[PDB]
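Student: Would you mind keeping the following structure in view while I ask a few things?
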Amino acid sequence: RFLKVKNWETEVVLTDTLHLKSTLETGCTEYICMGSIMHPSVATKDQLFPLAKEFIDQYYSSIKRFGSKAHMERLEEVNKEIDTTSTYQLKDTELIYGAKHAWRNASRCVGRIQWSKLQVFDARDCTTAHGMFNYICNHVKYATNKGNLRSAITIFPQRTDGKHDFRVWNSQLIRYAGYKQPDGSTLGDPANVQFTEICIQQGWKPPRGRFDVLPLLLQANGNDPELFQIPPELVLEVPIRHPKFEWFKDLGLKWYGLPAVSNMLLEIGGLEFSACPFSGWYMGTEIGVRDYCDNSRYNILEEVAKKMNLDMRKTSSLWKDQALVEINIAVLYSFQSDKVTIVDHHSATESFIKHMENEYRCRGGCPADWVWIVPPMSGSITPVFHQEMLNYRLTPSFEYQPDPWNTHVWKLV
Amino acid sequence: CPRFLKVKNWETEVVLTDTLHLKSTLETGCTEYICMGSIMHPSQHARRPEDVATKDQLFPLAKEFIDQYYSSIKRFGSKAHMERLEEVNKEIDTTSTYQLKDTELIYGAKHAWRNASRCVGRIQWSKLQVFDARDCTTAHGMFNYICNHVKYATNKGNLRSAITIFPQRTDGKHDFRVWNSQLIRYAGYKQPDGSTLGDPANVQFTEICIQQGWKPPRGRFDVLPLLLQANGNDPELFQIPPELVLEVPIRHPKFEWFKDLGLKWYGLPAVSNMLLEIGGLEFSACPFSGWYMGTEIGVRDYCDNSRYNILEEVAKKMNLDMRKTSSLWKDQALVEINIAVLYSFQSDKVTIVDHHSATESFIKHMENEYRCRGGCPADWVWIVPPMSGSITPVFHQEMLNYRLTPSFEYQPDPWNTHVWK
Ligand code: HEM
Ligand code: HEM
Ligand SMILES: Cc1cc(N)nc(C#CCN2CCC(F)(F)CC2)c1
Ligand SMILES: Cc1cc(N)nc(C#CCN2CCC(F)(F)CC2)c1
Ligand SMILES: C[C@H](O)[C@H](O)[C@H]1CNc2nc(N)[nH]c(=O)c2N1
Ligand SMILES: C[C@H](O)[C@H](O)[C@H]1CNc2nc(N)[nH]c(=O)c2N1
Ligand SMILES: [Zn+2]
């Protein structure tokens with residue numbers, strides 16, 4: 001089997017053979033497409049052998065040592081551990097490779113041209129929440145790099161029996177707090193209200209402001225999670241101003257420089273790393289469109305249009321669209337002026353097309369999620385809009401997992 | 001088709017439960033392992049084989065549709081339904097095809113629209129004027145029917161949705177075709193240097209027209225002649241009477257210089273290259289029209305790189321930092337252009353809907369359909385507008401895609417498959 005994808009802007013046609021090696025479901029059936037479903041729907045000894053074999057096979061294939069003496073001994077050694085301990089431990093090389101390929105396989109990530117420049121911090125020796133904090137701070141400092149951002153991941157001990165999971169309860173390492181007011185309004189980031197309430201309950205004393213960096217909520221070895229404040233000198237932040245509108249800085253807007261997803265699960269050879277925060281740098285629209293302009297988020301469109309003296313009486317004036325662009329200009333200009341790494345959605349999508357072409361050539365394809373790859377603004381004027389994409393699930397993979405507070409059974413009475 | 005599939009709106013948390021998908025009939029192109037939701041044409045799964053079907057091939061599809069239609073009018077198993085089956089059975093027994101009742105044709109056309117998972121406009125789906133052109137025998141007659149469609153649908157700017165349905169496919173050698181992709185489109189000319197004048201999408205069709213003897217005025221907005229094929233014969237050129245072609249000169253409510261770009265668009269989007277499939281019958285010529293979502297013109301027609309590509313020209317006039325992309329100069333000009341398109345259509349009282357109104361309407365339609373029908377097939381990739389997607393409600397709306405019949409289908413451009421006489 002082969003599959004063609006076509007770019008309708010360039011008429012380039014790529015041939016995906018890589019899809020033959022996927023194994024878990026898309027969620028789609030032969031007769032329904034679930035391409036727009038956000039989330040469609042611990043291993044025994046016997047479940048774990050084939051998964052581990054598959055991963056050791058492809059690692060050794062990647063490094064041109066398939067069938068080698070070292071490949072067969074590694075395969076045998078993995079089976080022993082799974083026989084002995086019902087699990088096994090990745091070598092450091094495998095762990096680095098697994099983590100880079102999970103990023104490589106992230107069909108929803110437009111920034112994968114960078115996938116092989118990933119700093120892997122092996123934190124599998126970690127045993128307590130303080131340890132996770134230290135590991136995470138070092139991650140933050142290294143990744144932030146005074147604004148010259150570097151992609152990195154810190155991998156904490158894999159799942160064992162599901163009762164001793166490591167988790168970062170934060171969804172990102174740096175996020176702003178959300179407080180719902182009695183009058184119904186929200187101060188700060190409405191997306192983080194629930195998690196803010198959990199922190200407050202765990203003892204966090206909130207500054208109750210608009211951009212309070214949340215504390216880390218860290219869970220080691222299935223124990224109750226524990227609060228830590230990131231040292232403020234490690235939280236690099238960019239105050240948002242506009243190159244044309246002097247009044248823009250008076251919105252008091254800022255964002256953090258470091259996007260650092262911490263709520264996902266890293267799966268490598270059947271091993272599950274429930275705590276694996278990873279970071280890169282922002283595409284402008286993540287902040288300028290979603291964080292700032294989703295009605296469920298900071299919802300600054302009416303404020304910005306107001307200060308632009310836009311006619312907001314009818315939608316067809318396109319005051320929202322107009323305000324959105326300026327906000328996104330400001331975000332990009334702000335970051336670039338403070339020499340904090342950021343990519344505009346045009347640059348980001350252009351590189352992804354180049355990445356996707358290269359991936360088809362050397363790897364035989366590139367699973368890609370159009371719903372996610374296409375930026376949330378100016379969709380068709382980016383090249384990815386016109387690029388057909390095949391979506392399929394390769395492993396190593398980043399996986400969603402339940403929020404820890406829906407599953408954690410609390411220890412201390 | 002599992003057991004009952006929920007879709008959630010992540011802006012409102014509204015969850016809708018889908019059972020309609022059980023009635024899905026042909027493959028989406030996806031599998032458990034690979035999703036083709038961004039493939040323009042993912043499947044080749046037809047209800048019936050390409051050529052003159054046998055009885056056991058056509059009748060089951062006919063039985064399905066007639067069953068569906070009589071069910072729709074609460075007459076399942078009734079006298080008329082059981083006669084209709086026997087009638088279709090004899091008809092197929094004798095002519096290898098069958099003819100639709102007017103009611104059935106109208107039902108079928110509206111449900112093809114209703115089932116068009118890619119159409120954001122389907123809240124209107126039952127307000128569709130159906131012109132029966134199944135008595136048409138020549139390209140001239142096709143021109144007459146089309147002009148009447150255009151005039152009725154245009155309605156002096158108060159646009160009305162319409163479909164005109166020419167005789168169905170019989171053996172495949174006697175197809176009626178509108179060779180135009182839309183009834184009204186602008187020519188595209190390849191320039192001596194290498195660039196393109198007019199609309200690059202239509203260069204090939206423009207060439208067939210010139211090659212067929214059309215005298216190109218060779219402008220940027222030359223309304224293409226109709227190229228109509230009746231009963232498999234060679235297609236014939238007809239000039240649509242310009243008084244029937246409503247056009248809007250694009251100006252801006254603030255940029256008085258915008259009028260001087262010399263841009264205009266036509267008022268009536270009228271898809272004419274698609275196939276309407278009903279109970280196994282195949283209407284290869286079925287021009288349908290409604291009215292524009294502004295972004296179709298302002299974003300795609302005007303701003304695609306392989307279309308009119310007016311961005312840099314408009315950006316220049318705006319005095320925009322065009323050195324680097326991070327200035328978002330494209331994004332900024334894009335918004336101004338779409339303000340202009342909407343402002344111009346509305347100033348001339350020509351029906352148009354912005355992408356905010358349209359998407360909000362479609363959310364409402366989805367809700368209605370889950371209420372009454374138990375589901376609504378929707379192609380998120382096509383529904384979400386090509387600009388400002390996430391500030392429209394449909395970006396945050398999960399959608400299930402599945403293929404219901406009756407339906408509109410793509411079909412090969414006739415010049416790939418037509419043997420001239
Ligand atoms: C280097 C710069 C990077 C850029 C510019 C980038 C860009 C993006 C963007 C725009 C998204 C969509 C986010 C959203 O709209 O919510 C995304 C998703 C994602 N990225 Fe990247 N990314 C980068 C680095 C990374 C790294 C280093 C990893 C992992 C090692 C990664 C893994 C993922 C995953 C798993 C998703 C899906 C997240 C989800 O499903 O919620 N990315 N990326
Ligand atoms: C009445 C106002 C209507 C509006 C505002 C509307 C809106 C749209 C838009 C924006 C698209 C996507 C076009 C593109 O990006 O290429 C579309 C596609 C489509 N519409 Fe509608 N539409 C309308 C009427 C109709 C009617 C009357 C029919 C059929 C009787 C119809 C059937 C379809 C179909 C089949 C598609 C898919 C076209 C394709 O796959 O190439 N629409 N519609
Ligand atoms: C490494 C990286 C770089 C970048 N620019 N974006 C992302 C992302 C994302 C998606 N994000 C949605 C919100 C969340 F659930 F909190 C975490 C997941 C990740
Ligand atoms: C009835 C109607 C209303 C509306 N507003 N848009 C459409 C459309 C379309 C899709 N279009 C793509 C380009 C084409 F192939 F040339 C013709 C078909 C249809
Ligand atoms: C309903 C839809 O699946 C949902 O809104 C998706 C759309 N595409 C997205 N794309 C990105 N990059 N991030 C998102 O959160 C979403 N949300
Ligand atoms: C590759 C991709 O499917 C293609 O560019 C699609 C994307 N979504 C679209 N959506 C609409 N409404 N119209 C289109 O032509 C397209 N093109
Ligand atoms: Zn799919």
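By convention in this document, the chains of the structure tokens carry letters A, B, ... by their order, each chain's residues are numbered from 1, and ligands are numbered from 1 in the order they are shown.
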Let me see if you get this right: every residue at most 6 Å from ligand 2, counting only C-alpha atoms and all ligand atoms, written as a ChimeraX atom specification.
Tutor: /B:113,116,118-121,161-163,288-293,296,408
Student: Find the residues near ligand 1. Use a cut-off of 6 Å, count only C-alpha atoms and all ligand atoms, and write them as a list in words.
Tutor: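 Checking only C-alpha atoms and all ligand atoms against ligand 1 at 6 Å gives residues 103, 106, 108, 109, 110, 111, 114, 151, 152, 153, 278, 279, 280, 281, 282, 283, 286 and 398 of chain A.
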Student: Give me a file of those residues, with N, CA, C and O atoms, as a tab-separated table (two decimals), in the first residue's frame.
Tutor:
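This is the output file part-v7.tsv:
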chain	number	residue	atom	x	y	z
A	103	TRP	N	8.23	13.29	20.02
A	103	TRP	CA	8.02	14.62	19.44
A	103	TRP	C	7.88	14.54	17.93
A	103	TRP	O	7.03	15.21	17.35
A	106	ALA	N	4.46	13.59	16.93
A	106	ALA	CA	3.34	14.36	17.45
A	106	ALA	C	2.57	15.02	16.31
A	106	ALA	O	2.87	16.15	15.92
A	108	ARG	N	0.09	16.71	15.94
A	108	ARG	CA	-0.50	18.02	16.16
A	108	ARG	C	0.52	19.13	16.33
A	108	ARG	O	0.12	20.28	16.57
A	109	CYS	N	1.82	18.84	16.23
A	109	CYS	CA	2.87	19.81	16.52
A	109	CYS	C	3.42	20.36	15.22
A	109	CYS	O	4.03	19.62	14.43
A	110	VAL	N	3.22	21.65	15.00
A	110	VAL	CA	3.74	22.30	13.82
A	110	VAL	C	5.25	22.53	13.90
A	110	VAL	O	5.88	22.77	12.87
A	111	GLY	N	5.85	22.43	15.08
A	111	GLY	CA	7.26	22.77	15.22
A	111	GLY	C	8.25	21.63	15.08
A	111	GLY	O	9.41	21.78	15.47
A	114	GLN	N	12.29	20.80	14.26
A	114	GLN	CA	13.28	20.87	15.31
A	114	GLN	C	13.44	19.57	16.09
A	114	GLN	O	14.24	19.54	17.03
A	151	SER	N	14.72	23.81	23.18
A	151	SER	CA	13.79	22.71	23.40
A	151	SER	C	14.37	21.70	24.37
A	151	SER	O	15.51	21.26	24.22
A	152	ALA	N	13.54	21.28	25.32
A	152	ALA	CA	14.02	20.33	26.31
A	152	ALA	C	12.85	19.55	26.85
A	152	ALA	O	11.69	19.97	26.77
A	153	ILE	N	13.17	18.38	27.40
A	153	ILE	CA	12.22	17.52	28.07
A	153	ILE	C	12.90	16.93	29.29
A	153	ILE	O	14.09	16.57	29.25
A	278	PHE	N	7.92	19.00	28.75
A	278	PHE	CA	8.73	19.37	27.60
A	278	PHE	C	8.36	20.78	27.18
A	278	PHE	O	7.27	21.28	27.44
A	279	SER	N	9.31	21.43	26.53
A	279	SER	CA	9.20	22.83	26.23
A	279	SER	C	9.89	23.09	24.90
A	279	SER	O	10.76	22.32	24.47
A	280	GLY	N	9.48	24.17	24.26
A	280	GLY	CA	10.13	24.63	23.06
A	280	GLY	C	10.08	26.13	23.10
A	280	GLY	O	10.55	26.77	24.05
A	281	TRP	N	9.45	26.71	22.09
A	281	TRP	CA	9.17	28.13	22.08
A	281	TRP	C	7.82	28.32	21.41
A	281	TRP	O	7.25	27.39	20.81
A	282	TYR	N	7.29	29.52	21.54
A	282	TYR	CA	5.93	29.81	21.13
A	282	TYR	C	5.86	30.13	19.65
A	282	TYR	O	6.75	30.78	19.08
A	283	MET	N	4.79	29.66	19.03
A	283	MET	CA	4.26	30.33	17.86
A	283	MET	C	3.41	31.51	18.33
A	283	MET	O	2.66	31.39	19.31
A	286	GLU	N	-0.41	31.11	19.42
A	286	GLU	CA	-0.80	30.43	20.64
A	286	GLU	C	-1.18	31.44	21.71
A	286	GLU	O	-2.17	31.27	22.42
A	398	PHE	N	3.53	11.04	22.46
A	398	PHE	CA	2.97	11.80	23.56
A	398	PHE	C	1.47	11.53	23.60
A	398	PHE	O	0.79	11.58	22.57
Student: Using only C-alpha atoms and a cut-off of 6 Å, which residues of chain B sit close to chain A? Please list them as a list in words.
Tutor: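 The complete set of qualifying residues is residues 27, 28, 30, 31, 32, 33, 34, 35, 36, 37, 38, 39, 326, 354, 386, 387, 388, 389, 390, 398, 399, 400, 401 and 402 of chain B.
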Student: List as a short mmCIF file (atom, residue, chain, number, x, y, z; two decimals) with N, CA, C and O atoms, in the first residue's frame the protein and nucleic acid residues near range 90-106 of chain B, meaning an atom at most 8 Å away when only C-alpha atoms are counted, but skip any in the same chain fewer than 3 places from it.
Tutor:
data_model
loop_
_atom_site.label_atom_id
_atom_site.label_comp_id
_atom_site.auth_asym_id
_atom_site.auth_seq_id
_atom_site.Cartn_x
_atom_site.Cartn_y
_atom_site.Cartn_z
N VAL B 52 -23.48 1.40 -16.83
CA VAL B 52 -24.88 0.98 -16.80
C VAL B 52 -25.03 -0.19 -15.84
O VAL B 52 -24.67 -1.33 -16.16
N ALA B 53 -25.55 0.09 -14.65
CA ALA B 53 -25.68 -0.92 -13.62
C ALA B 53 -26.70 -1.98 -14.02
O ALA B 53 -27.63 -1.72 -14.79
N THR B 54 -26.51 -3.18 -13.49
CA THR B 54 -27.50 -4.24 -13.59
C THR B 54 -28.65 -3.97 -12.62
O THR B 54 -28.62 -3.03 -11.82
N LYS B 55 -29.69 -4.80 -12.71
CA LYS B 55 -30.83 -4.67 -11.80
C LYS B 55 -30.39 -4.76 -10.34
O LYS B 55 -30.69 -3.87 -9.54
N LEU B 58 -28.67 -1.41 -9.33
CA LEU B 58 -29.38 -0.14 -9.22
C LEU B 58 -30.57 -0.24 -8.27
O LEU B 58 -30.77 0.65 -7.44
N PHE B 59 -31.40 -1.28 -8.41
CA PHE B 59 -32.62 -1.34 -7.61
C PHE B 59 -32.38 -1.19 -6.12
O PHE B 59 -33.15 -0.46 -5.48
N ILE B 66 -36.32 5.42 -2.09
CA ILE B 66 -37.78 5.48 -2.03
C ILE B 66 -38.25 5.17 -0.61
O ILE B 66 -39.10 5.87 -0.06
N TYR B 69 -37.56 8.25 1.34
CA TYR B 69 -38.49 9.35 1.06
C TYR B 69 -39.86 9.08 1.65
O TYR B 69 -40.48 9.98 2.24
N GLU B 86 -42.71 -1.23 -6.91
CA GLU B 86 -43.05 -1.99 -8.11
C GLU B 86 -42.85 -1.15 -9.36
O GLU B 86 -42.39 -1.67 -10.39
N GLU B 87 -43.13 0.15 -9.28
CA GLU B 87 -42.96 1.03 -10.44
C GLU B 87 -41.49 1.19 -10.78
O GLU B 87 -41.09 1.08 -11.95
N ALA B 109 -32.85 16.63 -3.85
CA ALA B 109 -31.96 17.78 -3.96
C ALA B 109 -31.76 18.46 -2.61
O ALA B 109 -30.65 18.87 -2.27
N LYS B 110 -32.84 18.62 -1.84
CA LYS B 110 -32.68 19.33 -0.57
C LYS B 110 -31.88 18.50 0.41
O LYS B 110 -31.15 19.05 1.23
N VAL B 130 -36.00 24.26 -6.56
CA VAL B 130 -35.59 23.21 -7.48
C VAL B 130 -36.24 23.46 -8.84
O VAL B 130 -37.47 23.44 -8.95
N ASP B 132 -36.69 21.72 -12.28
CA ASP B 132 -36.64 20.47 -13.03
C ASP B 132 -36.30 20.79 -14.48
O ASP B 132 -37.10 21.37 -15.20
N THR B 170 -27.26 8.22 -18.19
CA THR B 170 -27.90 6.99 -18.65
C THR B 170 -26.85 5.91 -18.85
O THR B 170 -26.74 4.99 -18.03
N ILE B 278 -29.00 10.51 -6.30
CA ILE B 278 -30.26 10.22 -5.62
C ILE B 278 -30.71 8.83 -6.03
O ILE B 278 -30.79 8.51 -7.22
N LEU B 281 -29.41 7.22 -8.94
CA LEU B 281 -29.42 8.05 -10.13
C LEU B 281 -28.38 9.15 -10.01
O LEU B 281 -28.05 9.59 -8.91
#
Student: Might you pull out every residue within 12 Å of residue 282 in chain B, with only C-alpha atoms counted and same-chain residues fewer than 5 positions away left off, and present them as a PyMOL selection string?
Tutor: chain B and resi 46-53+58+61-62+97-100+105+108-109+112+134+165-172+174-177+274-277+405-411
Student: Since we have the selection now, will you write its residues out, keeping C-alpha atoms, as a CSV table (one decimal), in the first residue's frame?
Tutor:
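Okay, this is what ended up in result25.csv:
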chain,number,residue,atom,x,y,z
B,46,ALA,CA,-19.5,4.9,-5.2
B,47,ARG,CA,-23.1,3.7,-4.5
B,48,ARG,CA,-23.1,2.0,-8.0
B,49,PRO,CA,-20.5,0.9,-10.5
B,50,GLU,CA,-19.3,3.5,-13.1
B,51,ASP,CA,-21.3,2.2,-16.0
B,52,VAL,CA,-24.9,1.0,-16.8
B,53,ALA,CA,-25.7,-0.9,-13.6
B,58,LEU,CA,-29.4,-0.1,-9.2
B,61,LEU,CA,-30.1,2.0,-4.1
B,62,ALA,CA,-33.5,2.9,-5.6
B,97,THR,CA,-32.9,3.2,-15.0
B,98,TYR,CA,-35.9,4.9,-13.3
B,99,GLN,CA,-37.3,8.4,-13.2
B,100,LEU,CA,-37.9,10.4,-10.0
B,105,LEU,CA,-36.4,15.0,-7.0
B,108,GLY,CA,-33.5,14.4,-3.0
B,109,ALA,CA,-32.0,17.8,-4.0
B,112,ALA,CA,-28.2,16.3,-0.9
B,134,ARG,CA,-35.0,16.8,-16.9
B,165,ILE,CA,-31.4,19.5,-12.6
B,166,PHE,CA,-30.7,18.3,-16.1
B,167,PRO,CA,-31.3,14.8,-17.3
B,168,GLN,CA,-29.6,12.0,-15.3
B,169,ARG,CA,-26.7,9.9,-16.6
B,170,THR,CA,-27.9,7.0,-18.7
B,171,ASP,CA,-25.0,5.0,-20.2
B,172,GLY,CA,-22.2,7.5,-19.4
B,174,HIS,CA,-24.9,10.8,-23.0
B,175,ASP,CA,-24.0,12.9,-20.0
B,176,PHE,CA,-25.2,16.4,-19.6
B,177,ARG,CA,-22.4,18.5,-18.3
B,274,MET,CA,-20.7,18.5,-9.2
B,275,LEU,CA,-22.8,15.4,-9.4
B,276,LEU,CA,-26.1,15.0,-7.6
B,277,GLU,CA,-26.7,11.4,-6.5
B,405,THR,CA,-27.2,9.9,0.6
B,406,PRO,CA,-28.6,11.7,-1.4
B,407,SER,CA,-25.5,13.7,-1.8
B,408,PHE,CA,-23.4,15.9,-4.1
B,409,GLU,CA,-20.2,14.2,-5.4
B,410,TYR,CA,-17.2,15.4,-7.2
B,411,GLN,CA,-16.8,14.2,-10.8
Student: Select, from B:255, B:420, B:76, B:380, the residue with the minimum atom-to-atom distance to ligand 5, counting only C-alpha atoms and all ligand atoms.
Tutor: B:380
Student: Once you count only C-alpha atoms and all ligand atoms, what closest atom pair and distance in Å to one decimal does each residue of chain B within 6 Å of ligand 5 have, with rows by chain and rising residue number, as a tab-separated table?
Tutor:
residue	atom	partner	partner_atom_place_in_ligand_line	distance
B:395	CA	ligand 5	5 (O)	4.8
B:396	CA	ligand 5	5 (O)	3.4
B:397	CA	ligand 5	1 (C)	4.1
B:398	CA	ligand 5	1 (C)	3.9
Student: Find the residues near residue 263 in chain A: any atom within 9 Å, counting only C-alpha atoms, skip ones fewer than 4 places away on the same chain, and give them as a list in words.
Tutor: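 Using only C-alpha atoms, the neighbours found are residues 167, 168, 169, 170, 171, 172, 274, 275, 276, 277, 400, 401, 402, 403 and 404 of chain A.
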Student: Distance CA of residue 144 in chain B-CA of residue 221 in chain B, one decimal place?
Tutor: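 Distance reported for this atom pair: 23.7 Å.
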Student: Mind checking DSSP for range 130-195 of chain B and telling me the alpha helix (DSSP H) residues as a list in words?
Tutor: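 Restricting range 130-195 of chain B to alpha helix (DSSP H) produces residues 139, 140, 141, 142, 143, 144, 145, 146, 147, 148, 149, 150, 151, 152, 153 and 154 of chain B.
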Student: Dump C-alpha atoms for the selected residues as a PDB file, in the first residue's frame?
Tutor:
ATOM      1  CA  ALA B 139     -27.034  22.801 -25.028  1.00  0.00           C
ATOM      2  CA  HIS B 140     -29.297  25.705 -26.078  1.00  0.00           C
ATOM      3  CA  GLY B 141     -32.016  24.401 -23.766  1.00  0.00           C
ATOM      4  CA  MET B 142     -29.355  24.074 -21.049  1.00  0.00           C
ATOM      5  CA  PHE B 143     -28.480  27.708 -21.647  1.00  0.00           C
ATOM      6  CA  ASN B 144     -32.148  28.692 -21.333  1.00  0.00           C
ATOM      7  CA  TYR B 145     -32.548  26.781 -18.065  1.00  0.00           C
ATOM      8  CA  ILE B 146     -29.299  28.200 -16.694  1.00  0.00           C
ATOM      9  CA  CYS B 147     -30.141  31.804 -17.557  1.00  0.00           C
ATOM     10  CA  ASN B 148     -33.478  31.362 -15.799  1.00  0.00           C
ATOM     11  CA  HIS B 149     -31.680  29.888 -12.794  1.00  0.00           C
ATOM     12  CA  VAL B 150     -29.225  32.787 -12.732  1.00  0.00           C
ATOM     13  CA  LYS B 151     -31.983  35.404 -13.056  1.00  0.00           C
ATOM     14  CA  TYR B 152     -34.211  33.798 -10.418  1.00  0.00           C
ATOM     15  CA  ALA B 153     -31.285  33.069  -8.067  1.00  0.00           C
ATOM     16  CA  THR B 154     -29.781  36.549  -8.439  1.00  0.00           C
TER      17      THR B 154
END
Student: Kindly give the distance, in Å, that separates CA of residue 209 in chain A and CA of residue 142 in chain A, rounded to a single decimal.
Tutor: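 Computing the Euclidean distance for CA of residue 209 in chain A and CA of residue 142 in chain A yields 27.7 Å.
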Student: Tell me which protein, DNA and RNA residues are within 12 Å of residue 313 in chain B, counting only C-alpha atoms, leaving out same-chain ones fewer than 2 positions away, and put them as a PyMOL selection string.
Tutor: chain B and resi 257-258+260-263+302-303+308-311+315-320+322+329-330+333-334+337
Student: Got a sec: who's within 8 Å of residue 124 in chain A, counting only C-alpha atoms, leaving out chain neighbours fewer than 5 positions off, as a list in words?
Tutor: residues 155, 156, 157 and 158 of chain A
Student: Once you have the residues from the selection above, write them out as a PDB file, in the first residue's frame, restricted to N, CA and C atoms.
Tutor:
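Output below, filename result.pdb:
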ATOM      1  N   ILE A 155      12.355  13.773  31.889  1.00  0.00           N
ATOM      2  CA  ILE A 155      11.594  12.541  31.988  1.00  0.00           C
ATOM      3  C   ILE A 155      11.766  11.956  33.387  1.00  0.00           C
ATOM      4  N   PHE A 156      10.667  11.872  34.111  1.00  0.00           N
ATOM      5  CA  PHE A 156      10.632  11.343  35.466  1.00  0.00           C
ATOM      6  C   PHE A 156      10.370   9.848  35.429  1.00  0.00           C
ATOM      7  N   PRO A 157      10.451   9.155  36.564  1.00  0.00           N
ATOM      8  CA  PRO A 157      10.313   7.695  36.523  1.00  0.00           C
ATOM      9  C   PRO A 157       9.001   7.254  35.892  1.00  0.00           C
ATOM     10  N   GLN A 158       9.103   6.231  35.048  1.00  0.00           N
ATOM     11  CA  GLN A 158       7.951   5.637  34.393  1.00  0.00           C
ATOM     12  C   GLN A 158       6.967   5.066  35.410  1.00  0.00           C
TER      13      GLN A 158
END
Student: CA of residue 367 in chain B to atom 15 (O, counted along the ligand's line) of ligand 6: how many Å, to one decimal?
Tutor: 24.7 Å
Student: As a list in words, list the residues of range 246-323 of chain B assigned to strand (DSSP E) by DSSP on the backbone atoms of this structure.
Tutor: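 DSSP-assigned strand (DSSP E) residues in range 246-323 of chain B: residues 247, 248, 249, 264, 265, 266, 270, 271, 275, 276, 277, 278, 281, 282, 283, 288, 289, 292 and 293 of chain B.
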